[PDB]
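Working notes, structure below.
Since every read-out is calculated from the coordinates, none of them should be taken as a lab result. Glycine gets a Cβ as well: all are built from the backbone with ideal geometry, and neighbour counts include every protein chain shown.
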Amino acid sequence: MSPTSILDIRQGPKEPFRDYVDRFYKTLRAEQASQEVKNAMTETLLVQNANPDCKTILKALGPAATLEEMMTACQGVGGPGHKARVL
């Protein structure tokens, strides 16, 4: 509850996007509350609730680099992606 911060609950949240993001930003929000588009600069690795695009993609697309674009690229995506099954 109170002795409970992102960088101590940081397990390694690569893939449980919404399930963990709401929890992450709920504590982390002293530094970047505003869902600010530059969210590829702090320990932020996701976006509050996110959209169905980003969710379905980064669920497999956590290769420790390309996430930093994918985190927020979903905001301007204009479509459902191109991946008929995740792997």
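Taking the 0 to 90 degree range and rounding to the nearest ten, how far is the long axis of helix 17-28 tilted relative to the main principal axis of the chain, both from C-alpha atoms?
30
To the nearest 0.05, what FRET efficiency results for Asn51 and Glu31 with a Förster distance of 25 Å applied to their C-beta separation?
0.65
I'm checking a number: the convex hull volume of the Cα atoms of the chain, normalised per residue, in Å³. What is it? Before the final figure, lay out each step's value.
Values: hull volume 8.4 nm³, N = 87.
It is 97 Å³ per residue.
Any idea what the dipole of the chain comes to, in debye rounded to 20, about its Cα centre with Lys/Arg Cβ at +1 and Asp/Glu Cβ at -1?
Result for the chain is approximately 280 debye, rounded to the nearest 20.
Of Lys26/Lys59; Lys14/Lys59; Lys38/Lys83, which pairs sit farther than 19 Å apart, going by alpha carbon to alpha carbon?
Beyond 19 Å: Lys26/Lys59; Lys38/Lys83.
So, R0 is 41 Å and r is the distance between the beta-carbons of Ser2 and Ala73; what FRET efficiency does that work out to, to 0.05?
0.75
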